[PDB]
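Undergrad: First the structure, which I've put down as structure tokens, then a few questions once you've had a look.
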Amino acid sequence: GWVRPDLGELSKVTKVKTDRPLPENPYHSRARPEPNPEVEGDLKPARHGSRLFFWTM
Amino acid sequence: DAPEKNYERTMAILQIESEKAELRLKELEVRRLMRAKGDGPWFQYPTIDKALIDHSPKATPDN
Ligand SMILES: CCCCCCCCCCCCCCCCCC(=O)OC[C@H](COP(=O)([O-])OC[C@H](O)COP(=O)([O-])OC[C@H](COC(=O)CCCCCCCCCCCCCCCCC)OC(=O)CCCCCCCCCCCCCCCCC)OC(=O)CCCCCCCCCCCCCCCCC
């Protein structure tokens, strides 16, 4: 009573019902480094300008 | 000009220049700490973008 698969069937992506748990960390990665802080705030003008030796703007 | 005008104008000049000098010393200290530790917005030399990584199931499973 076995039926041979048609052209296209054995390459289908099928879904599998399992009882084992999903691997939560399969790469065994350690804790990632904390990122650098983002920039926040409103952008104020430069305090007394460029501060390049005598340039007052 | 009056001695009042010259005096208080000198005080404003000295305030502005002392504040610029304190900001220059702080700018040097910030640059030194950010080059030493590398946790500021400066000296952030680039690494590889992790958006380039393909996360699909590959041809072989052990990867
Ligand atoms: C209602 C809306 C409208 C309102 C309008 C209100 C205003 C009405 C008037 C409108 C016109 C405004 C014009 C500019 C304002 C005056 C700026 C000024 O004098 O700054 C003083 C500035 C600093 O002095 P200050 O007492 O602290 O500030 C007074 C003001 O509060 C200065 O204010 P500040 O604190 O904001 O200044 C900012 C900062 C203040 O400066 C600094 O923080 C210090 C750094 C300055 C530069 C240092 C460079 C050093 C190495 C170069 C040496 C150059 C040698 C001289 C030139 C050699 C020959 C080319 O300036 C700069 O960063 C600009 C760089 C210098 C350019 C100055 C403007 C020139 C415009 C006309 C150019 C014509 C040619 C002139 C000769 C070219 C060189 C100047 O002094 C100098 O730069 C010394 C040179 C004199 C500047 C030029 C004088 C302007 C008028 C020139 C007319 C005659 C032309 C003759 C023929 C051509 C030449 C053969």
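Letters A, B, ... mark the chains of the structure tokens in the order given; residue numbers begin at 1 per chain; ligand numbers begin at 1, in order shown.
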So which bits of chain B end up alpha helix (DSSP H) when you DSSP the backbone, as a ChimeraX atom specification?
TA: /B:3-37
Undergrad: Include C-alpha atoms and write out the residues we just selected as a PDB file, in the first residue's frame.
TA:
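The result, written out as selection_18.pdb:
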ATOM      1  CA  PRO B   3      37.754 102.765  35.776  1.00  0.00           C
ATOM      2  CA  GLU B   4      34.365 101.152  36.427  1.00  0.00           C
ATOM      3  CA  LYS B   5      34.002 100.173  32.766  1.00  0.00           C
ATOM      4  CA  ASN B   6      37.580  98.921  32.427  1.00  0.00           C
ATOM      5  CA  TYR B   7      37.352  97.097  35.767  1.00  0.00           C
ATOM      6  CA  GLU B   8      34.091  95.230  35.213  1.00  0.00           C
ATOM      7  CA  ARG B   9      34.952  94.550  31.571  1.00  0.00           C
ATOM      8  CA  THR B  10      38.232  93.046  32.787  1.00  0.00           C
ATOM      9  CA  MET B  11      36.220  90.866  35.168  1.00  0.00           C
ATOM     10  CA  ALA B  12      34.024  89.640  32.307  1.00  0.00           C
ATOM     11  CA  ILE B  13      37.139  88.951  30.188  1.00  0.00           C
ATOM     12  CA  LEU B  14      38.782  87.021  33.031  1.00  0.00           C
ATOM     13  CA  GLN B  15      35.624  84.978  33.595  1.00  0.00           C
ATOM     14  CA  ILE B  16      35.318  84.007  29.917  1.00  0.00           C
ATOM     15  CA  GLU B  17      38.988  83.115  29.593  1.00  0.00           C
ATOM     16  CA  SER B  18      39.166  81.165  32.871  1.00  0.00           C
ATOM     17  CA  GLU B  19      36.101  79.188  31.794  1.00  0.00           C
ATOM     18  CA  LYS B  20      37.670  78.427  28.408  1.00  0.00           C
ATOM     19  CA  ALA B  21      40.859  77.318  30.159  1.00  0.00           C
ATOM     20  CA  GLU B  22      38.960  74.979  32.492  1.00  0.00           C
ATOM     21  CA  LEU B  23      37.080  73.564  29.509  1.00  0.00           C
ATOM     22  CA  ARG B  24      40.369  72.970  27.670  1.00  0.00           C
ATOM     23  CA  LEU B  25      41.826  71.065  30.616  1.00  0.00           C
ATOM     24  CA  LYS B  26      38.626  69.019  30.885  1.00  0.00           C
ATOM     25  CA  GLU B  27      38.744  68.384  27.121  1.00  0.00           C
ATOM     26  CA  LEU B  28      42.268  66.985  27.468  1.00  0.00           C
ATOM     27  CA  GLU B  29      41.212  64.804  30.406  1.00  0.00           C
ATOM     28  CA  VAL B  30      38.142  63.511  28.526  1.00  0.00           C
ATOM     29  CA  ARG B  31      40.302  62.685  25.484  1.00  0.00           C
ATOM     30  CA  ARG B  32      42.822  60.846  27.659  1.00  0.00           C
ATOM     31  CA  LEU B  33      40.142  58.783  29.405  1.00  0.00           C
ATOM     32  CA  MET B  34      38.277  57.995  26.176  1.00  0.00           C
ATOM     33  CA  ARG B  35      41.425  56.867  24.394  1.00  0.00           C
ATOM     34  CA  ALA B  36      42.521  54.802  27.410  1.00  0.00           C
ATOM     35  CA  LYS B  37      39.219  53.080  28.194  1.00  0.00           C
TER      36      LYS B  37
END
Undergrad: Residues within 12 Å of ligand 1, counting only C-alpha atoms and all ligand atoms: report them as a ChimeraX atom specification.
TA: /A:48-57 /B:13
Undergrad: Got a sec to pull out which chain A residues are within 9 Å of chain B, counting only C-alpha atoms, and send them as a list in words?
TA: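 Every residue of chain A that passes the 9 Å test is in residues 27, 35, 36, 37, 38, 39, 47, 48 and 51 of chain A.
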Undergrad: What is the atom CA of residue 45 of chain B-atom CA of residue 32 of chain A distance in Å, reported with one decimal?
TA: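 Separation of atom CA of residue 45 of chain B and atom CA of residue 32 of chain A: 18.6 Å.
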